[PDB]
Amino acid sequence: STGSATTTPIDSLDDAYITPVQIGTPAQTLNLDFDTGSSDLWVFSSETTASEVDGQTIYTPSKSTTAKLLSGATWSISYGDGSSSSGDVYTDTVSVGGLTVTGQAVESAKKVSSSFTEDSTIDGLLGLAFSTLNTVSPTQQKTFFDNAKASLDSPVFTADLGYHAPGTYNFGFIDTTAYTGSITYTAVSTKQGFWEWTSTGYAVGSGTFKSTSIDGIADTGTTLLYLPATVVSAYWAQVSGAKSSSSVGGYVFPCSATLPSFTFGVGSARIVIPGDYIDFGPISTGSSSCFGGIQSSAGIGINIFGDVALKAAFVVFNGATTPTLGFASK
């Protein structure tokens, strides 16, 4: 089997991407944030504290004839950005782009933190990291991909995120019309539960490539590109007036700037992030100070190849017995 679904930016900055997901019988369609950096499929629901719902579409398991309470199971998650959610668990039928999993753990939120409430466009998360990170207790649950894997034509999914435009998540096949050149595959460590890999280096604009190993994760659920402070300083030094602002919480630059590209290595291959992808707009409405899309990972504890990086590529998440990651230009 295969599945194919369009993923759409939530706003004009590509702060995140939502993908429609069918849950239950009859289908209840929720727009979920597909997150290769976590492993819980959780939704706003009829159980979510009323004051914590503001515009989201909710899953109502009592209206689904295939929903079953997973008795005794609870979940609780905190994300790298300080946001969190928790609740109980149902199993139900979940379909993405025509690909159906029966008995999927659908984690129903009883509580969500303010950041989730405040984002009316995201109805929940669909985790696509390794199931070892799933938070359900006392019986850990599998991700949608892990459940679908055996049935898929090939044990892969691909992320093709758009810049200020829709893109595609495919399951079970590689669309050879969706990228240019060849796909370069690179090794993955699953030891921390992430799609963790090692970039071979970087270049800033038209500058010479610096060969250097950068361990990091491919994370569709993180907006920006978080890299070592040395790398980030080298980038922003090429933008007149750019600076790290403690008050804003990262590098800002004059909105009048033309940003240089940023290249990252995948083996002997190179992925070029155009400068415009690195512009996240005024820090506040009407400001002439703009927020940078490349930021320091210092104090995160890990480098993160988030949407800024991933949207410059066609990305294969290969879930074969020995997982790997593939990157192509597009």
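Colleague: An account of the overall build of the protein chain is needed here, citing residue identities and associated values.
Modeller: When helices and strands are counted, the protein chain shows 4 helices and 24 strands. Taking 2.2 N^0.38 as the reference for a compact globule, 330 residues should give roughly 20 Å; the C-alpha atoms of the protein chain span a radius of gyration of 20 Å, in line with that estimate. Over its C-alpha atoms, taken along the principal directions, the protein chain stretches across nearly 60 × 45 × 30 Å. Long-range contacts, defined as pairs at least 24 residues apart, comprise 66% of the intrachain contacts of the protein chain with a sequence gap of at least 6.

Colleague: Tell me about the environment of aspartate 307, and name the residues and values.
Modeller: Within the secondary structure, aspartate 307 is located in helix α4 (residues 307-310). For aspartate 307 and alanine 16, which are 291 residues apart along the polypeptide, the C-alpha to C-alpha distance reads 7.8 Å. With residues near it in sequence (within four places) discarded, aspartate 307 still touches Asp15, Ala16, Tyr17, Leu161, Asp219, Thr220, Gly221, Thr222, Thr223 and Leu224.

Colleague: Describe the UniProt feature "disulfide bond" in the protein chain, and please don't skip the residues or the numbers.
Modeller: Judged by the under 2.5 Å criterion, the sulfur atoms of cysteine 255 and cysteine 290, which UniProt pairs in a disulfide, are close enough at 2.1 Å to be bonded in these coordinates. Of this pair, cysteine 255 sits in the loop between β16 (250-254) and β17 (262-266) while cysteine 290 sits in strand β20 (residues 289-292), placing them 35 residues apart in sequence. Owing to a relative accessible area of 29%, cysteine 255 belongs among the partly exposed residues under this scheme.

Colleague: Which residues make up the state of the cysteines, and what are the values?
Modeller: For the structure on display, the rule yields 1 disulfide. The disulfide that involves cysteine 255 links it to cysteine 290, with 2.1 Å between the sulfurs. For the disulfide bridge between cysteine 255 and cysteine 290, the dihedral angle about the S-S bond is near 110°, and by the sign convention the bridge is right-handed.

Colleague: Would you mind going over the pattern of salt bridges in detail, with residue names and values included?
Modeller: Evaluation of the coordinates by the stated rule reveals 2 salt bridges. In this structure, the salt-bridge partner of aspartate 14 is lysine 311, at a minimum N-O distance of 2.8 Å. Within this pair, whereas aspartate 14 is found in the loop between β1 (3-9) and β2 (17-23), its partner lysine 311 is found in the loop between α4 and β23 (314-318), the two being separated by 297 residues in sequence. No difference in accessibility class separates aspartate 14 from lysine 311, as the two residues are buried.

Reading the values: rules and limits
- Residues numbered from 1 in each chain as written, not as in the entry; some residues may be left out.
- Heavy atoms only, no water.
- Residues with missing side-chain atoms left out of burial classes, pairs and counts.
- Helix = DSSP H or I, 4+ residues; strand = E, 2+ residues; numbered from the N terminus.
- Rg over C-alpha atoms; globule rule 2.2 N^0.38 Å.
- Contact = heavy atoms within 4.5 Å.
- Disulfide = S-S within 2.5 Å.
- UniProt positions renumbered as here; feature names shortened; annotations may be inferred.
- Buried < 20%, exposed > 50% of the residue type's maximum accessible area, 1.4 Å probe, protein only.
- Salt bridge = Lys/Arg side-chain N within 4 Å of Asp/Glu carboxyl O.

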